[PDB]
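See below for the structure under consideration.
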Amino acid sequence: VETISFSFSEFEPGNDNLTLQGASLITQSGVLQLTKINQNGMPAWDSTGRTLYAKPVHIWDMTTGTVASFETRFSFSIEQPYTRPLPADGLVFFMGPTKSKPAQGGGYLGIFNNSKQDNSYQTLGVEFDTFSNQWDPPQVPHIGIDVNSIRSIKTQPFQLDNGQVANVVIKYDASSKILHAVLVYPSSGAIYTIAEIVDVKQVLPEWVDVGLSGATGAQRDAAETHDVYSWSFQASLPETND
Ligand SMILES: CC(=O)N[C@@H]1[C@@H](O)[C@@H](O)[C@@H](CO)O[C@@H]1O
Ligand SMILES: [Ca+2]
Ligand SMILES: [Mn+2]
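In terms of PDB author numbering, the sequence shown opens at residue 1 and continues consecutively.
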C-alpha cells in the first residue's frame, strides 16, 4: 500500500511542505489566511489565495487498476463583518492536475475559469459557498460537491455561525465510490452531512495536487475572512489487486 499523510495542528511560516499561492499567508499566530485582510483589520475584496501540499498524491494506478481511499479534516472560520453589501465568495477543498496555478477568482473560487461542465478541468472539489451566483441554488451558504464544474452535482444548505470555528471531515471510500462530507459547528452543535457517488478514476488524473482555495467578491466590500486553523490528510493506494 502506497500511503501519504500529513497533519498540521497549527501552521508555521516558512514550512516547505506547503505551497502558498495568490493572497494566502500564514500569520505569526499560526493561522492560514487564504484571502487578504487589510491593515485596518477588515477583509479585502477581489482577493484569491490557495495553499497546496508541496507533494503530489498518487490517487489511482492504471497498471494495477487500483484507486485510493482518502480522508481529510480541517478547521476553518468565515467571518462576515457586514450584511451589506452581500459577502462573497467562499472556500473549497480541491484535488486537480499537478503543477496547477490559480484559476479565476470570485464565484469560481480560484479553481475554475467559467461555469461550464468540462472534462478537461479534471478537478474535484468540496466547497463552502457564501454567495449565490447564477449557477447556484438560492440558499447560501451551502456545501457543494463540484466535479469538473462550479455548478455542483449536489448541494446542502447550512447556517453560518458567524466567525465561529467549523470542523470538516471529508472521506472517500474507493470500494463504494462514495465521497462523504460532514461539517460541524462545536459552538452551536450543528451538524450537516452530504454525500454523492464520484468515480475518481473517471475524473482525476493519476497523480494530483491537493489544496484549499478561498476568494472574496469582485465588488467593493463584498468580502469575508477565510481562515484555516488546522489541516490533515491521508490517502492509501493498494499497490496490487490479485
Ligand atoms: C462570476 C463572479 O465571479 N461573480 C462575482 C460573484 O461571485 C460575487 O463575488 C459578486 C460580489 O457581489 O461579484 C461578482 O458578481
Ligand atoms: Ca457561489
Ligand atoms: Mn455553489
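In this text, a Cβ means the ideal position worked out from N, Cα and C, and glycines have one as well.
Beta carbon of residue i nearer than 9 Å to that of residue j
i	j	result
residue 243	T72	Given a span of 1 to 242 for the chain in the structure shown, any question on residue 243 remains unanswerable.
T225	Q21	no
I153	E206	no
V203	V140	no
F158	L179	no
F94	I111	yes
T64	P97	no
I191	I145	no
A103	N119	no
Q80	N162	yes
Unbroken beta strand (DSSP E) run spanning residue i, endpoints
i	result
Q234	227-237
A215	207-216
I197	190-197
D173	166-173
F8	2-8
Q28	Looking at the DSSP string, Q28 is not in any beta strand (DSSP E), and its letter there is neither H nor E.
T51	48-53
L91	89-96
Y185	178-185
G144	142-147
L124	124-129
Status (buried if at least 16 other CB within 10 Å, exposed otherwise) for residue i
i	result
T130	buried
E10	exposed
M62	exposed
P43	buried
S47	buried
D16	exposed
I26	buried
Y82	exposed
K36	buried
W135	exposed
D209	buried
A235	buried
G106	buried
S176	exposed
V57	buried
The alpha helix (DSSP H) enclosing residue i, as first and last residue numbers
i	result
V203	200-203
Rounded Cβ spacing between residue i and residue j (contact assumed at less than 8 Å)
i	j	result
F70	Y172	5 Å
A68	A222	With a Cβ gap of about 38 Å, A68 and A222 do not count as contacting.
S77	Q219	Not a contact, Cβ separation roughly 23 Å.
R84	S115	Not a contact, Cβ separation roughly 25 Å.
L52	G211	4 Å
* Anything with a beta carbon under 5 Å from a heavy atom of ligand 3 counts; list them all in chain order. => Every residue passing the under-5 Å Cβ criterion appears here: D129, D136, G144.
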